[PDB]
Amino acid sequence: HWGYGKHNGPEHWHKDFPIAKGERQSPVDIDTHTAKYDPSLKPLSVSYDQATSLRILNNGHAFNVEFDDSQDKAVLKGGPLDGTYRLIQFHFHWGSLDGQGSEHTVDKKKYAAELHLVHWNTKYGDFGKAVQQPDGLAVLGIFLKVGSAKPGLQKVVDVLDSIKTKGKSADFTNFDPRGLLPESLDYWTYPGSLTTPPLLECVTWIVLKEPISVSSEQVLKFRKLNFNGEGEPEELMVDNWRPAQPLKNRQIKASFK
Ligand SMILES: CCCCCNS(=O)(=O)c1cc(S(N)(=O)=O)ccc1C(=O)O
Ligand SMILES: [Zn+2]
C-alpha cells in the first residue's frame with residue numbers, strides 16, 4: 001500500500017490515485033515575492049476555547065490527535081472562508097533531520113516540520129461528505145523550526161512512547177491546541193488538496209507565516225515513532241512529507257502587507 005519509502009512513496013501515488021497529477025494539488029512552494037496581498041481577506045477566527053480532544057492514534061503515516069466534532073466546539077471561520085469549519089484532528093509531517101520535513105515550502109525553504117489542523121465545512125453535515133466538495137475542508141498549516149521548546153507541545157511528545165507502532169492509540173483528553181499557535185495569524189491561502197492519498201481536491205489551505213519553535217529533543221521524539229505495526233521490522237516514522245507540487249493555474253494570496 002502507499003507510504004513514504006523508495007517503493008511506495010509520493011512518486012508512486014498517481015498509479016492508485018490519478019488525481020495526484022491534478023490541477024489543484026498540495027503542498028506547494030510559497031513564493032513570497034509573488035504572493036499578492038489581498039486587502040479583502042479577513043483576519044482568521046480561531047475559536048478553540050471549547051475544544052475537546054479525545055484520542056491520539058498512530059495510523060502508520062503520522063499520528064492524529066482527534067477531537068469531538070459532534071457539535072460546534074472548536075471552529076475556524078473568517079479569513080478566506082465562508083461559513084463554519086469544525087476541527088476534527090491535527091497531525092504533523094516531519095523529517096529525518098532538521099533541514100527537511102515540511103510539506104509547504106517558503107521560497108524553497110523546508111522547515112523541520114509542519115502542523116496541520118484539519119477542519120470540515122459544517123454545511124455538508126459530516127466529514128465524509130465534506131471531503132467530496134471543493135470547499136469541504138480548511139487546513140491550518142503551521143511551520144515548525146528547531147530552537148526553543150514549545151511548552152504546549154510537550155504533552156503530545158510525552159504520550160508518543162505509548163503509540164509507537166501503527167494501529168496503537170491512547171486516550172488524549174483535555175489537550176488545548178491553542179498552545180500550538182504562533183503569536184501572529186498572518187497567513188497565505190490557496191485552493192488545494194489533501195497531501196496524502198486519496199489526494200482529494202477539497203481543501204482551502206491557510207498557511208501561517210510565523211513558525212513555532214520546538215526543541216531538538218521534542219522533534220527527536222517524533223522521529224522515534226514507527227511506520228510499522230508491533231513486532232514488524234522497525235521502519236522509523238520520518239520524512240512523512242509530500243514534496244511541493246506544480247502550482248498550475250493558482251494564485252497564492254497573503255493576508256498581510
Ligand atoms: C475519508 C478520506 C479522507 C481522508 C483525509 N483525512 S484527513 O483527516 O482529512 C487527513 C488530512 C491530511 S492533510 N495533510 O491535511 O491533507 C492528512 C491525513 C489525513 C488523515 O486521513 O488522517
Ligand atoms: Zn497533513
# chains A, B, ... in the order shown; residues from 1 in each chain; ligands from 1
$ residues_near_ligand --ligand "ligand 2" --cutoff "9 Å" --atoms "only C-alpha atoms and all ligand atoms" --output "PDB file with C-alpha atoms, in the first residue's frame"
ATOM      1  CA  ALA A  62       1.548  10.109  11.120  1.00  0.00           C
ATOM      2  CA  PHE A  90      -4.360  17.640  13.923  1.00  0.00           C
ATOM      3  CA  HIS A  91      -1.177  15.882  12.910  1.00  0.00           C
ATOM      4  CA  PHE A  92       2.354  16.659  11.776  1.00  0.00           C
ATOM      5  CA  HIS A  93       4.769  15.982   8.959  1.00  0.00           C
ATOM      6  CA  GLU A 103       5.208  19.940   3.061  1.00  0.00           C
ATOM      7  CA  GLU A 114       4.609  21.223   9.630  1.00  0.00           C
ATOM      8  CA  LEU A 115       1.477  21.043  11.794  1.00  0.00           C
ATOM      9  CA  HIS A 116      -1.901  20.570  10.064  1.00  0.00           C
ATOM     10  CA  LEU A 117      -5.140  21.367  11.877  1.00  0.00           C
ATOM     11  CA  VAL A 118      -7.900  19.817   9.782  1.00  0.00           C
ATOM     12  CA  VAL A 139      -6.494  23.067   6.832  1.00  0.00           C
ATOM     13  CA  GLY A 141      -0.771  24.820   8.344  1.00  0.00           C
ATOM     14  CA  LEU A 194      -5.182  16.541   0.825  1.00  0.00           C
ATOM     15  CA  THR A 195      -1.427  15.855   0.868  1.00  0.00           C
ATOM     16  CA  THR A 196      -1.960  12.112   1.419  1.00  0.00           C
ATOM     17  CA  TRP A 241       6.034  14.656   3.789  1.00  0.00           C
TER      18      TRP A 241
END
$ select_by_dssp --residues "range 56-192 of chain A" --states "alpha helix (DSSP H)" --output "short mmCIF file (atom, residue, chain, number, x, y, z; two decimals) with N, CA, C and O atoms, in the first residue's frame"
data_model
loop_
_atom_site.label_atom_id
_atom_site.label_comp_id
_atom_site.auth_asym_id
_atom_site.auth_seq_id
_atom_site.Cartn_x
_atom_site.Cartn_y
_atom_site.Cartn_z
N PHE A 127 -18.02 14.83 7.92
CA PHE A 127 -16.68 14.87 7.32
C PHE A 127 -16.58 14.12 5.98
O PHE A 127 -16.01 14.63 5.01
N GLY A 128 -17.14 12.90 5.93
CA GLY A 128 -17.11 12.09 4.72
C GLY A 128 -17.81 12.77 3.54
O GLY A 128 -17.37 12.62 2.42
N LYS A 129 -18.86 13.55 3.80
CA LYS A 129 -19.48 14.35 2.74
C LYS A 129 -18.66 15.57 2.36
O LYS A 129 -18.56 15.90 1.19
N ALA A 130 -18.08 16.21 3.36
CA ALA A 130 -17.29 17.39 3.11
C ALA A 130 -16.11 17.13 2.18
O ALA A 130 -15.85 17.95 1.33
N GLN A 154 4.61 19.64 24.67
CA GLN A 154 5.23 18.53 25.42
C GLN A 154 4.24 17.42 25.80
O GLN A 154 4.61 16.26 25.78
N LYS A 155 3.00 17.75 26.13
CA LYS A 155 2.01 16.70 26.42
C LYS A 155 1.89 15.70 25.23
O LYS A 155 1.76 14.48 25.44
N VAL A 156 1.97 16.21 24.01
CA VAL A 156 1.93 15.35 22.81
C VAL A 156 3.20 14.51 22.76
O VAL A 156 3.13 13.30 22.62
N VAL A 157 4.36 15.15 22.92
CA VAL A 157 5.64 14.46 22.88
C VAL A 157 5.68 13.33 23.89
O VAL A 157 6.18 12.25 23.60
N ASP A 158 5.14 13.56 25.07
CA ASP A 158 5.29 12.58 26.13
C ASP A 158 4.39 11.35 26.01
O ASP A 158 4.70 10.33 26.59
N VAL A 159 3.31 11.43 25.22
CA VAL A 159 2.43 10.28 25.00
C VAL A 159 2.90 9.36 23.84
O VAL A 159 2.40 8.23 23.66
#
$ closest_atom_pairs --of "range 119-199 of chain A" --to "range 80-86 of chain A" --cutoff "7 Å" --atoms "only C-alpha atoms" --output "tab-separated table"
residue	atom	partner	partner_atom	distance
A:119	CA	A:86	CA	4.8
A:120	CA	A:85	CA	4.8
A:121	CA	A:85	CA	4.4
A:122	CA	A:85	CA	5.8
A:138	CA	A:85	CA	6.8
$ write_last_selection --atoms "C-alpha atoms" --output "PDB file, in the first residue's frame"
ATOM      1  CA  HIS A 119     -11.413  21.325   9.786  1.00  0.00           C
ATOM      2  CA  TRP A 120     -14.575  20.391   7.833  1.00  0.00           C
ATOM      3  CA  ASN A 121     -17.360  22.626   6.491  1.00  0.00           C
ATOM      4  CA  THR A 122     -20.443  22.060   8.658  1.00  0.00           C
ATOM      5  CA  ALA A 138      -9.962  24.050   5.674  1.00  0.00           C
TER       6      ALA A 138
END
$ select_by_dssp --residues "range 77-233 of chain A" --states "strand (DSSP E)" --output "short mmCIF file (atom, residue, chain, number, x, y, z; two decimals) with C-alpha atoms, in the first residue's frame"
data_model
loop_
_atom_site.label_atom_id
_atom_site.label_comp_id
_atom_site.auth_asym_id
_atom_site.auth_seq_id
_atom_site.Cartn_x
_atom_site.Cartn_y
_atom_site.Cartn_z
CA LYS A 77 -14.03 30.92 10.42
CA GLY A 78 -13.15 34.13 8.63
CA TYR A 85 -15.38 24.76 9.77
CA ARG A 86 -15.16 22.29 12.62
CA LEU A 87 -11.82 20.93 13.97
CA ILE A 88 -11.60 17.12 13.59
CA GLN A 89 -7.89 16.35 14.03
CA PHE A 90 -4.36 17.64 13.92
CA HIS A 91 -1.18 15.88 12.91
CA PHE A 92 2.35 16.66 11.78
CA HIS A 93 4.77 15.98 8.96
CA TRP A 94 8.48 15.87 9.77
CA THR A 105 7.96 25.44 1.45
CA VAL A 106 8.62 29.18 1.63
CA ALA A 113 8.11 20.01 10.43
CA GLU A 114 4.61 21.22 9.63
CA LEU A 115 1.48 21.04 11.79
CA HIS A 116 -1.90 20.57 10.06
CA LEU A 117 -5.14 21.37 11.88
CA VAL A 118 -7.90 19.82 9.78
CA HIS A 119 -11.41 21.32 9.79
CA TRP A 120 -14.58 20.39 7.83
CA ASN A 121 -17.36 22.63 6.49
CA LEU A 137 -12.05 21.26 4.26
CA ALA A 138 -9.96 24.05 5.67
CA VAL A 139 -6.49 23.07 6.83
CA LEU A 140 -4.48 25.43 9.00
CA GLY A 141 -0.77 24.82 8.34
CA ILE A 142 1.91 25.94 10.83
CA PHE A 143 5.65 25.54 10.29
CA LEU A 144 7.97 24.21 13.00
CA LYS A 145 11.57 25.29 13.36
CA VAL A 146 14.03 23.88 15.91
CA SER A 169 -3.94 4.61 20.18
CA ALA A 170 -4.15 6.25 23.58
CA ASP A 171 -6.62 8.35 25.48
CA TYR A 187 -1.29 33.77 6.56
CA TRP A 188 -1.09 32.75 2.94
CA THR A 189 -4.04 30.99 1.32
CA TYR A 190 -4.72 28.99 -1.85
CA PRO A 191 -7.07 26.22 -3.09
CA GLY A 192 -5.58 22.77 -2.88
CA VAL A 203 -9.03 21.88 0.77
CA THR A 204 -8.77 25.60 1.38
CA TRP A 205 -5.21 25.91 2.64
CA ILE A 206 -4.38 28.55 5.22
CA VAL A 207 -0.61 28.56 5.95
CA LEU A 208 0.61 30.81 8.76
CA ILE A 212 6.54 28.00 16.03
CA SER A 213 9.78 26.98 17.70
CA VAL A 214 10.15 23.45 19.12
#
$ closest_residue --among "A:42, A:21, A:33, A:248" --to "residue 186 in chain A" --atoms "only C-alpha atoms"
A:42
$ closest_residue --among "A:134, A:3, A:27, A:231" --to "ligand 1" --atoms "only C-alpha atoms and all ligand atoms"
A:27
$ atom_distance --atom1 "CA of residue 232 in chain A" --atom2 "CA of residue 215 in chain A"
29.6 Å
$ atom_distance --atom1 "CA of residue 22 in chain A" --atom2 "CA of residue 201 in chain A"
8.4 Å
$ closest_atom_pairs --of "range 208-244 of chain A" --to "range 45-58 of chain A" --cutoff "9 Å" --atoms "only C-alpha atoms" --output "Markdown table"
| residue | atom | partner | partner_atom | distance |
| --- | --- | --- | --- | --- |
| A:225 | CA | A:58 | CA | 8.5 |
| A:226 | CA | A:58 | CA | 8.5 |
| A:227 | CA | A:58 | CA | 8.3 |
$ write_last_selection --atoms "N, CA, C and O atoms" --output "CSV table (one decimal), in the first residue's frame"
chain,number,residue,atom,x,y,z
A,225,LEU,N,9.0,7.4,16.6
A,225,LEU,CA,7.8,6.6,16.1
A,225,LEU,C,8.1,5.7,15.0
A,225,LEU,O,9.2,5.8,14.3
A,226,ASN,N,7.2,4.7,14.7
A,226,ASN,CA,7.3,3.7,13.7
A,226,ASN,C,6.2,3.7,12.7
A,226,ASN,O,5.0,3.9,13.1
A,227,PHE,N,6.5,3.6,11.4
A,227,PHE,CA,5.5,3.4,10.4
A,227,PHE,C,4.9,2.0,10.5
A,227,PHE,O,3.7,1.8,10.2
$ atom_distance --atom1 "CA of residue 99 in chain A" --atom2 "CA of residue 217 in chain A"
15.3 Å
$ closest_residue --among "A:198, A:221, A:123, A:173" --to "residue 68 in chain A" --atoms "only C-alpha atoms"
A:173
$ residues_around --residues "residue 18 in chain A" --least-positions-apart "3" --cutoff "12 Å" --atoms "only C-alpha atoms" --output "number ranges by chain"
A: 10-15, 21-23, 25, 197-201
$ write_last_selection --atoms "C-alpha atoms" --output "CSV table (one decimal), in the first residue's frame"
chain,number,residue,atom,x,y,z
A,10,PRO,CA,4.9,10.2,-3.4
A,11,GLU,CA,6.3,9.5,-6.9
A,12,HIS,CA,4.2,6.3,-7.0
A,13,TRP,CA,0.9,7.6,-5.7
A,14,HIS,CA,-0.6,8.5,-9.1
A,15,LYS,CA,-1.0,4.9,-10.1
A,21,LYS,CA,-1.3,14.8,-11.2
A,22,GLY,CA,-4.4,17.1,-11.0
A,23,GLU,CA,-5.0,20.8,-11.2
A,25,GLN,CA,-2.6,19.5,-5.7
A,197,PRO,CA,-4.0,9.6,-0.6
A,198,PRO,CA,-6.7,9.9,-1.6
A,199,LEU,CA,-5.4,13.4,-2.6
A,200,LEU,CA,-8.9,14.9,-2.8
A,201,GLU,CA,-9.1,18.4,-4.2
